[PDB]
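Asks: Provided herewith is a single structure, encoded as structure tokens, for subsequent inquiry.
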Amino acid sequence: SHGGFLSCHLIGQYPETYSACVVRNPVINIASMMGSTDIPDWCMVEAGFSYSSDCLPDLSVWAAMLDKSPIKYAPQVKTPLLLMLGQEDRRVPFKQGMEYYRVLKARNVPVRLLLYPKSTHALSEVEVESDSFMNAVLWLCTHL
Amino acid sequence: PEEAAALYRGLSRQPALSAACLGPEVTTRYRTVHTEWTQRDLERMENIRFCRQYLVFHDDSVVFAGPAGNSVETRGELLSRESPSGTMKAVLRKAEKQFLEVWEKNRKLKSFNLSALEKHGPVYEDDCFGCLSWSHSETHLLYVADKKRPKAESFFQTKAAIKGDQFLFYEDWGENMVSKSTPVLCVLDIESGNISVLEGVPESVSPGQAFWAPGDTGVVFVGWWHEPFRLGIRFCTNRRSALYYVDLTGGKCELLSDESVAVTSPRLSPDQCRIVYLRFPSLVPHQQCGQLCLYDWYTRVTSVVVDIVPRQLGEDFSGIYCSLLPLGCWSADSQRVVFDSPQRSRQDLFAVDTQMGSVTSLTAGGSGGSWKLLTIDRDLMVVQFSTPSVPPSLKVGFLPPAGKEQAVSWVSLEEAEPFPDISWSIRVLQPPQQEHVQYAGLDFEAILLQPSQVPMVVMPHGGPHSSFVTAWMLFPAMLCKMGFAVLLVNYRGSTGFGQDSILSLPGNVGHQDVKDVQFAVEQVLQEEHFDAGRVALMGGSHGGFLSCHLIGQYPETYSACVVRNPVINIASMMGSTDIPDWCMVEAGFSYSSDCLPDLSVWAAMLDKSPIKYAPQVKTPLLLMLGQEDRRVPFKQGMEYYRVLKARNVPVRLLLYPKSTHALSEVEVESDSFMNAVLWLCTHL
Amino acid sequence: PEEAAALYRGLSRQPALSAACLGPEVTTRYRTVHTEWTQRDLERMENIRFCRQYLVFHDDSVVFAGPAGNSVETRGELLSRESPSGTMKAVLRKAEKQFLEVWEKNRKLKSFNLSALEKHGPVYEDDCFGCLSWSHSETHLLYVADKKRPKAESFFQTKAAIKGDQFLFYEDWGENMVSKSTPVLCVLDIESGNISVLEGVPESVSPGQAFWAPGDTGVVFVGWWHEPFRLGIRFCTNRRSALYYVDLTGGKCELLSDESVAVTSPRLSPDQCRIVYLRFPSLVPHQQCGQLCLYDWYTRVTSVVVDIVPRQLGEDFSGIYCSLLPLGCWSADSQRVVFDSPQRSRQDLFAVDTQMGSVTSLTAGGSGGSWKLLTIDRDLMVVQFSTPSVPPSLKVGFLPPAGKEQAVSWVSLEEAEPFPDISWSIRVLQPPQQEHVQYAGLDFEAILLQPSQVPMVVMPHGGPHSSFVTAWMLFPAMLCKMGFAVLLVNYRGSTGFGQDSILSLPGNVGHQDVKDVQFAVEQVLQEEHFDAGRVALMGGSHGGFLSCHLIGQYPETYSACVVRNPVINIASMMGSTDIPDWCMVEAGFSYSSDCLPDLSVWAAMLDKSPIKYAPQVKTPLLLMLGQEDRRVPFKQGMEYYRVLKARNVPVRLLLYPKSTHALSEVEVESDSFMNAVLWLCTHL
Amino acid sequence: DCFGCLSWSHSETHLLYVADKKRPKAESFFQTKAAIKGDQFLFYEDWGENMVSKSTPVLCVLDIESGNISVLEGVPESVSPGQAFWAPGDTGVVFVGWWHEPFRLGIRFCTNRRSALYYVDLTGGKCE
Ligand SMILES: CC(=O)N[C@@H](C)[C@H](C)O
Ligand SMILES: CC(=O)N[C@@H](C)[C@H](C)O
Ligand SMILES: CC(=O)N[C@@H](C)[C@H](C)O
């Protein structure tokens with residue numbers, strides 16, 4: 001989640017310091033996230049603007065959320081990545097990981113994706129959790 | 001609510017044609033024509049498909065024609081194709097599993113269980129990739145089916161395969177193509193019963209629309225490029241593609257057309273010496289005017305039989321706008337091709353010579369109407385004719401020799417009773433300031449329906465590279481029967497008006513078509529003298545986008561609005577859809593796969609979106625959304641709904657948990673239409 | 001096992017006719033004939049039903065005939081009936097629920113949901129009671145459906161009806177009629193859409209076979225008596241019944257025939273002035289020779305057009321043995337009736353005049369074959385012809401005027417390729433001592449199939465009041481193809497040999513037919529010079545009872561035996577069968593509802609049971625039983641098996657958990673047949 | 001855990017819990033009949049993440065002796081109640097009310113939603 005947001009920021013801004021990365025349901029674009037989520041106030045508060053129910057964001061607000069997003073550092077990533085997404089996630093929509101995956105695939109960077117059709121923001125199902133943990137451990141053992 | 005329900009029940013009774021074919025000629029001479037029809041059953045809430053047979057006695061003249069039995073309903077049939085000689089018939093049946101059966105005479109010769117053979121995935125039943133072609137030797141069959149994914153198992157499995165790859169990701173072809181990643185060509189031998197997959201298709205290409213080469217030596221197909229992404233393919237004819245030929249044995253592959261432009265709909269002449277297809281020059285708009293290209297099998301040469309008409313090539317032709325050519329389109333002489341294309345605000349049939357290059361309109365003249373060609377075999381043409389005031393009817397004609405094509409006589413196999421309470425007309429409108437510099441002098445049209453103090457309903461088409469034609473439309477007809485004058489607007493950028501009209505729209509979506517619709521409404525109100533107090537809007541998809549723009553920029557001109565799956569924010573839409581290039585092209589920027597938009601691009605899409613005018617809306621609104629829509633995500637309507645609800649504006653919302661971009665389900669369509677009619681009747 | 005499977009697959013491919021109808025006459029004159037066929041699909045393990053249409057051009061002569069399309073499979077249709085004028089068509093569709101649809105031209109006019117109206121139970125799809133008749137004014141429909149049982153609830157029900165009657169007992173009509181207690185007549189008005197149940201049927205009578213009276217004033221039906229018990233009705237034509245007429249309004253009821261004899265199959269003349277039905281004089285045997293009775297609607301008089309033939313009325317007639325007359329059986333002149341009846345060891349078509357009383361055989365002479373009449377309209381007859389060496393074929397003929405009926409010419413619409421590797425013949429046998437005193441001079445027949453050191457298979461028919469006819473039988477044909485000579489025996493007591501032959505059998509079942517079968521086998525072995533070392537037996541129901549007797553009474557004459565649902569003890573069967581009368585009659589006693597069998601009765605039944613010879617059986621026996629057989633309790637076979645097993649006699653038992661007395665399910669029939677062949681082959 | 005509650009009465013004779021409200025029955029326009037027509041596919045907003053099909057809860061009180069179930073009639077219209085418990089003396093119910101006007105923001109992992117503490121009498125619908 002937010003840890004994935006920080007991990008993407010770290011692998012983007014410091015490319016030659018890490019050898020692997022595993023992220024589950026990350027946040028990639030705040031501006032695109034605001035339109036499709038159940039907590040639109042989270043994006044406004046984290047960006048730095050007060051949230052108003054009867055309001056429409058201006059161009060400066062969108063510019064701020066675009067500048068703070070990790071996708072801005074996408075064309076500098078050079079570390080293998082593994083993503084786990086929940087197709088029924090409603091807090092962080094699953095398209096956020098897919099746009100990052102598309103950007104990384106366009107530049108020919110090794111990326112692995114696993115999509116769970118019935119999971120949620122927590123990945124709390126026994127089978128889902130077991131499979132995700134085993135895949136992450138094998139990925140880390142193989143690359144490191 | 002009882003009168004509206006009765007009217008809908010009455011108007012949904014009329015059937016619609018789906019396909020046609022011609023049987024072998026029997027010397028007593030006469031022929032049999034097989035027609036397939038579809039209808040809506042409201043008691044069962046389903047789409048019933050049935051079949052019927054007709055007999056035509058011919059001497060190059062239609063001596064006699066009549067029915068030859070009753071209608072028998074068929075269930076479970078996906079694909080069918082009669083034999084080239086008419087002896088046999090191959091059918092695909094979805095009995096959970098899939099079966100391929102070969103009927104001959106009055107007995108089922110053999111049926112094959114495709115699933116239990118464990119060689120491929122489920123077959124393709126769509127029109128973009130689905131194909132079933134008999135061999136020229138009548139001994140083999142060919143079709144397209146999904147590839148076989150290796151079996152996967154969990155890490156912790158009790159055992160008396162790849163472990164961990166259970167939940168891998170497989171990308172599909174966007175809208176209405178769920179779980180369709182990579183198709184493959186399969187060939188079945190009827191005698192032995194074996195199934196073999198071809199081994200010459202390039203890795204980065206998905207094949208389709210295959211047919212057997214002359215001599216049964218190879219397979220000719222159309223390949224679509226899916227590297228690095230899989231863009232949406234429904235309602236889009238700008239995807240990179242090519243024409244390929246692959247030998248049955250050895251895996252040899254050869255290229256037959258250019259690799260930097262879309263090519264589609266290839267057909268083979270009865271003489272088995274030439275191929276004709278459609279080529280699209282540009283890739284920016286999702287629907288444009290193509291050119292008819294011809295390829296010689298022996299001489300190995302290519303030519304352009306028809307070209308792109310800039311504005312209009314004569315008073316009868318405006319360009320080729322059909323996505324798929326008919327399954328049978330050649331003539332007996334193997335020198336002429338008959339197709340059906342839109343023209344202005346109607347649809348017509350055209351015949352094109354592959355040597356001279358002239359195009360002649362067979363249905364030219366008259367007051368209007370829509371004609372559709374179903375098949376042509378041995379110079380016998382089967383045609384469906386529809387008009388806004390009469391349900392579709394069936395007709396059979398004979399193609400006269402070259403130079404006298406316009407003198408064609410029709411025989412009515414099946415005629416439907418018309419509705420004499422609907423009068424329709426076509427109005428031509430010239431824009432004022434509003435005209436651009438590169439493209440000047442263009443005019444658009446609008447169809448007006450009135451009964452034969454009158455409220456009006458304005459309907460713009462989606463697309464925006466689509467068009468309205470004078471055919472049988474259920475909803476406008478029932479609205480006119482209720483007492484509403486209906487105006488369907490074909491603004492600048494529609495199809496059937498030349499390539500310049502299509503090319504003018506991109507880069508100006510939001511400030512040019514809205515003005516065109518408003519001007520059409522104002523001119524019609526001034527001329528026809530209707531009731532200006534009660535005027536309503538009702539648009540679907542892109543039309544909803546235009547309707548929201550209209551109700552935002554002109555608040556005191558309308559009294560109601562009904563929108564289904566509208567587009568509200570382009571910038572937010574770009575991130576979650578299967579066609580990201582649509583937003584970039586409509587905004588005015590070239591689409592690049594390896595690119596990230598800047599702040600100026602986001603500012604442009606924000607300025608062109610209708611949400612910018614949200615705090616000025618003062619008209620009641622009704623929204624219909626599909627929770628499983630993948631072309632226009634359903635959050636787009638919900639953000640507009642939230643903005644309108646915050647300002648305390650009366651809004652009604654209906655969400656269908658299993659619908660799609662089309663709302664094509666019988667129950668969904670019935671409920672949505674009834675709700676819209678009640679809303680319009682109550683508010684107006 | 002591969003060769004036998006391939007042979008069965010090849011021989012099961014041939015289709016079989018099910019029904020036929022004739023369309024309206026069109027003046028160009030020509031007519032359309034609709035044929036329905038059934039086939040066995042082994043890949044899906046189901047029975048596929050499809051339809052086909054033919055065209056016949058007539059000038060009272062068949063000028064031309066040929067096919068008019070392909071075959072389309074239909075699923076979910078239970079009952080159908082074309083309109084009397086041919087304009088419309090009513091269909092019953094089992095889409096969980098039941099629908100009644102009215103098709104006209106190329107569109108479904110209206111469909112009614114029968115279940116949601118909550119007026120009656122499920123409709124009847126059988127042939128004994130099922131009926132669907134259009135009104136003479138073409139505005140109403142009539143059918144038969146189960147009665148409505150009042151709702152019941154448990155004593156302890158959580159509530160936000162009768163309590164305690166949840167598990168009440170409702171008696172059904174024996175075999176193959178589960179959950180069918182009391183039917184009722186329902187009339188549906190197409191215009192309004194209402195459904196009304198008639199209110200004149202007597203309480204102690206179940207109605208059926210209804211049709212509209214002349215003038216659309218009332219309904220004429222056949223009523224069956226079910227007081228105090230409900231005896232089995234399948235394969236039985238001796239149940240008390242009568243002919244009743246009930247007015248639509250007022251509930252008036254009238255009787256038209258005698259109330260102390262079975263009457264069935266009433267038909268109405270095209271002139272709408274007379275009715276013809278079949279009357280059965282005796283009630284003892286389950287199948288006998290009836291008489292054709294005629295009733296005048298205006299004069300209110302009754303007469304006997306045909307009577308019971310004691311031995312033989314000429315060299316071409318032996319009596320009427322058909323349970324149901326064809327749906328269309330009258331002629332245009334409304335003075336002649338055409339039916340199909342067995343005669344000796346074949347089946348023929350007969351025409352009977354209702355004024356003179358003479359019966360003429362249209363298919364008289366020739367070498368053999370089986371003819372079946374499907375329909376006759378406007379003196380045009382549709383006929384199915386089958387022979388043991390050729391699958392059934394379709395034919396169309398014209399009925400010549402009176403006095404020259406034997407000069408009828410046929411036109412072959414559809415002909416099936418024959419099998420030239422099978423030769424069949426008919427043998428006549430005269431019994432020795434073995435002849436009774438009351439009935440002397442009777443002779444029986446046997447059909448012999450041989451290829452065109454040979455083992456033989458002997459097959460007696462069930463019934464025992466049934467018969468074998470020279471028609472297309474799958475199992476004897478495949479056995480002959482394997483290399484087995486097949487002998488089908490029609491012992492004394494079969495049908496098609498006069499009333500005396502039928503009446504001789506009762507009271508002597510167990511010591512007379514066994515000797516007849518043994519004599520036939522001995523004579524055939526002596527004459528044809530086959531291999532006496534290898535001779536097998538195979539039979540079902542009564543045939544199984546006979547087979548068991550033979551292998552016990554004659555120990556060293558057979559080398560194997562395959563029985564199916566056999567009768568092993570009549571005494572025990574009496575209390576566990578739906579037809580307890582059969583046991584009493586066959587044993588030689590008069591069945592009485594109010595009677596408890598004495599010791600004498602029991603003794604007789606046990607002495608005729610084949611279990612009294614069990615200690616001597618030494619032939620390997622293959623037993624196939626249907627767990628849900630309600631005609632012959634499956635426990636019968638079990639008791640025989642136990643005895644033989646205890647005495648160490650090779651017995652293999654294959655119990656089907658859902659099969660009935662017929663074991664007709666494709667999955668059961670395919671396995672049973674296959675297993676049988678292997679068994680016989682191995683031992684022989 | 002946000003709204004679920006089950007509290008015994010102080011007199012040990014009643015029970016109280018929270019359950020979803022009752023939506024009026026709806027039917028299609030074309031229904032075969034031997035209710036509101038057209039409102040079948042109306043929209044009901046839920047409480048965001050992991051709370052699918054949970055729009056407006058209500059307080060229910062069950063009497064063990066008689067077996068009747070009664071819904072309280074004092075909760076304000078624009079407030080969803082929860083975390084209820086019996087007041088001292090078994091005279092009323094004290095609960096926490098969350099505001100859902102005009103939107104329903106997500107509530108899982110969030111503790112900044114506007115709310116208040118309310119007291120409602122069993123009979124009369126008095127609210128404080
Ligand atoms: C409050 C929230 O949105 N959290 C997601 C970003 C992550 C599960 O942390
Ligand atoms: C191509 C596309 O996205 N169309 C939607 C906006 C609408 C169904 O028109
Ligand atoms: C009349 C009848 O069904 N009898 C049984 C014994 C058998 C099926 O023959």
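Just so we're on the same page: first chain in the structure tokens is A, next is B, and so on; residues restart at 1 for each chain, and ligands are numbered from 1 in the order they show up.
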What residues have any atom no more than 6 Å from ligand 2 when counting only C-alpha atoms and all ligand atoms, and can you list them as a PyMOL selection string?
Replies: chain B and resi 462-463+541-542+631+661
Asks: Write out, as a PDB file, in the first residue's frame, the residues just selected, with N, CA and C atoms.
Replies:
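The result, stored in selection_13.pdb:
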```pdb
ATOM      1  N   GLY B 462     -23.526   8.874 -30.722  1.00  0.00           N
ATOM      2  CA  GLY B 462     -22.253   8.637 -30.073  1.00  0.00           C
ATOM      3  C   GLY B 462     -21.107   8.694 -31.059  1.00  0.00           C
ATOM      4  N   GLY B 463     -20.056   7.917 -30.820  1.00  0.00           N
ATOM      5  CA  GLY B 463     -18.929   7.897 -31.717  1.00  0.00           C
ATOM      6  C   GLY B 463     -17.694   8.561 -31.146  1.00  0.00           C
ATOM      7  N   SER B 541     -23.656   7.798 -24.241  1.00  0.00           N
ATOM      8  CA  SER B 541     -22.181   7.796 -24.415  1.00  0.00           C
ATOM      9  C   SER B 541     -21.672   9.190 -24.813  1.00  0.00           C
ATOM     10  N   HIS B 542     -20.972   9.293 -25.948  1.00  0.00           N
ATOM     11  CA  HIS B 542     -20.438  10.604 -26.411  1.00  0.00           C
ATOM     12  C   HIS B 542     -21.597  11.595 -26.531  1.00  0.00           C
ATOM     13  N   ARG B 631     -15.322   0.345 -21.284  1.00  0.00           N
ATOM     14  CA  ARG B 631     -14.904   1.400 -22.200  1.00  0.00           C
ATOM     15  C   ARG B 631     -14.958   2.765 -21.527  1.00  0.00           C
ATOM     16  N   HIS B 661     -21.241  -1.564 -21.764  1.00  0.00           N
ATOM     17  CA  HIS B 661     -21.293  -0.277 -22.449  1.00  0.00           C
ATOM     18  C   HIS B 661     -22.517  -0.136 -23.342  1.00  0.00           C
TER      19      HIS B 661
END
```
Asks: Residues at most 12 Å from region 21-25 of chain D, counting only C-alpha atoms, excluding those fewer than 2 positions away in the same chain, as a tab-separated table (two decimals) with N, CA and C atoms, in the first residue's frame?
Replies:
```
chain	number	residue	atom	x	y	z
D	18	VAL	N	-28.02	-4.23	15.95
D	18	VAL	CA	-28.06	-3.31	14.82
D	18	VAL	C	-28.19	-4.12	13.54
D	19	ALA	N	-29.13	-3.74	12.68
D	19	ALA	CA	-29.39	-4.47	11.45
D	19	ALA	C	-29.74	-3.50	10.33
D	27	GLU	N	-40.83	-4.38	-8.39
D	27	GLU	CA	-41.15	-5.33	-9.44
D	27	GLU	C	-40.93	-4.69	-10.80
D	28	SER	N	-40.73	-5.53	-11.81
D	28	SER	CA	-40.52	-5.06	-13.17
D	28	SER	C	-41.84	-4.58	-13.78
D	35	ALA	N	-46.22	-2.90	-4.08
D	35	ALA	CA	-44.91	-2.93	-4.71
D	35	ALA	C	-44.73	-1.75	-5.66
D	36	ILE	N	-43.50	-1.25	-5.75
D	36	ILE	CA	-43.15	-0.15	-6.64
D	36	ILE	C	-42.60	-0.73	-7.93
D	37	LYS	N	-43.14	-0.30	-9.06
D	37	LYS	CA	-42.74	-0.81	-10.36
D	37	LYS	C	-41.73	0.14	-11.00
D	38	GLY	N	-40.57	-0.40	-11.38
D	38	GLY	CA	-39.53	0.35	-12.03
D	38	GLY	C	-38.36	0.73	-11.14
D	39	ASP	N	-38.52	0.62	-9.82
D	39	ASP	CA	-37.45	0.93	-8.88
D	39	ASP	C	-36.61	-0.29	-8.53
D	40	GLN	N	-36.54	-1.27	-9.43
D	40	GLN	CA	-35.79	-2.49	-9.14
D	40	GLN	C	-34.30	-2.22	-9.02
D	41	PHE	N	-33.74	-1.41	-9.92
D	41	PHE	CA	-32.30	-1.19	-10.02
D	41	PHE	C	-31.89	0.16	-9.46
D	42	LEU	N	-32.53	0.60	-8.38
D	42	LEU	CA	-32.16	1.85	-7.74
D	42	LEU	C	-30.77	1.74	-7.12
D	43	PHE	N	-30.20	2.89	-6.78
D	43	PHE	CA	-28.84	2.96	-6.25
D	43	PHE	C	-28.88	3.19	-4.74
D	44	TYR	N	-28.14	2.36	-4.00
D	44	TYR	CA	-28.01	2.49	-2.56
D	44	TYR	C	-26.53	2.56	-2.22
D	53	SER	N	-22.85	-3.35	0.38
D	53	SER	CA	-24.28	-3.52	0.67
D	53	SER	C	-24.59	-3.25	2.14
D	54	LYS	N	-24.09	-2.11	2.64
D	54	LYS	CA	-24.35	-1.66	4.01
D	54	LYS	C	-24.58	-0.15	3.94
D	55	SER	N	-25.85	0.24	3.79
D	55	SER	CA	-26.21	1.63	3.51
D	55	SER	C	-26.66	2.39	4.75
D	56	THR	N	-27.71	1.92	5.41
D	56	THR	CA	-28.29	2.62	6.56
D	56	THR	C	-28.71	1.61	7.61
D	57	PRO	N	-27.96	1.49	8.70
D	57	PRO	CA	-28.34	0.57	9.78
D	57	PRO	C	-29.40	1.18	10.68
D	58	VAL	N	-29.99	0.32	11.52
D	58	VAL	CA	-31.05	0.72	12.44
D	58	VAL	C	-30.95	-0.16	13.68
D	59	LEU	N	-31.47	0.36	14.79
D	59	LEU	CA	-31.43	-0.33	16.08
D	59	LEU	C	-32.69	-1.18	16.25
D	60	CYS	N	-32.50	-2.45	16.59
D	60	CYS	CA	-33.61	-3.37	16.80
D	60	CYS	C	-33.56	-3.92	18.22
D	71	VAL	N	-38.32	-1.77	16.10
D	71	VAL	CA	-37.27	-0.85	15.67
D	71	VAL	C	-37.50	0.50	16.32
D	72	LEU	N	-36.43	1.10	16.83
D	72	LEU	CA	-36.53	2.38	17.52
D	72	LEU	C	-36.90	3.48	16.54
D	80	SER	N	-26.49	7.69	10.88
D	80	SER	CA	-26.46	6.24	11.00
D	80	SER	C	-26.00	5.87	12.40
D	81	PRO	N	-26.75	5.06	13.14
D	81	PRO	CA	-26.39	4.76	14.53
D	81	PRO	C	-25.51	3.52	14.66
```
Asks: Check every protein, DNA and RNA residue against ligand 1, keep those with an atom at most 6 Å away (counting only C-alpha atoms and all ligand atoms), and present them as JSON, numbers by chain.
Replies: {"A": [1, 2, 91, 121]}
Asks: Counting only C-alpha atoms, collect the residues of chain B whose closest atom lies at most 8 Å from chain C, and write them out as a ChimeraX atom specification.
Replies: /B:13-15,23,28,32,34,39,43,52-53,55,64,68-75,103,105-109,111-113
Asks: Counting only C-alpha atoms, a student should be able to say which residues of chain D come within 7 Å of chain C; what is the right answer, written as number ranges by chain?
Replies: D: 32-34
Asks: Find the residues in chain B near chain A: any atom within 10 Å counts, using only C-alpha atoms. Write them as a count of residues only.
Replies: 50
Asks: Could you give me, as a ChimeraX atom specification, the residues within 10 Å of residue 630 (chain C), counting only C-alpha atoms and dropping anything in the same chain fewer than 5 positions from it?
Replies: /C:174-176,232,576-579,660-661
